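Take a look at this single chain, the form solved without adenosine-5'-triphosphate (ATP), given in structure tokens.
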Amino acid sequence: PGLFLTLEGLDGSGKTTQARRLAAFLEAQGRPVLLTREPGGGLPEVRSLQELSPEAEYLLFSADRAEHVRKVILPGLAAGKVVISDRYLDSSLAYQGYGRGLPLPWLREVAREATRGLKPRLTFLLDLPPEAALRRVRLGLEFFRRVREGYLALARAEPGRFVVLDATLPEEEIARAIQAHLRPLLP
């Protein structure tokens, strides 16, 4: 049956590179795969959009996420695909919750119906310090620290789902680790 996976981290963590490495690996094995991303995977018009309150930003991204789940991810899963999302709800929680200081219970209330309760089977978190991530792809430092630390809090709360990787390791070692975590899940 289908398998829902996500990739998470700061921009410049290697999250996107790894998403593509994992899709390409599944394609090479002949395993049906759907690579997608947030924001934009549900309502592309939300993505290109742009001076908002973080409450409005979160709601807009939730609307996108609601369509993404219903129109893209769930159908992919019903088809038996490995659906890989570059960013999902954890991004909003980390950035809007821990970063901007929006209340986590509200964020989660909104999410319950936006996602219809859909959670990924595994989430690969490319963890590194903001300074390293900024070097790699160019608000400020203290904000990105709160985001980084929020992701780690999420990972501690849901240790079965999160796979925390040192995003400073060589790409290839990371890719191989991700493949190793996936291998037993693939029929």
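Rigid core: the largest C-alpha set superposing within 1.5 Å between the two forms. Numbering starts at 1 and runs along the sequence shown. Shifts are known only where both forms have a C-alpha.
As for the form solved in complex with adenosine-5'-triphosphate (ATP), it is not shown, yet the points below apply to it.
Among residues of the shown chain, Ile174 is one whose heavy atoms approach adenosine-5'-triphosphate (ATP) to within 4.5 Å in the deposited bound form. Among residues of the shown chain, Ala167 is one whose heavy atoms approach adenosine-5'-triphosphate (ATP) to within 4.5 Å in the deposited bound form. Taking the partner from the other structure, adenosine-5'-triphosphate (ATP) in the deposited bound form has a heavy atom within 4.5 Å of a heavy atom of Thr17. Contacts with adenosine-5'-triphosphate (ATP) in the deposited bound form, taken as any heavy atom within 4.5 Å, map within 58-91 to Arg87 alone. After superposition on the rigid core, residues whose Cα atoms move by 2 Å or more in a run of at least three fall only at 132-134 between the shown form and the other one.
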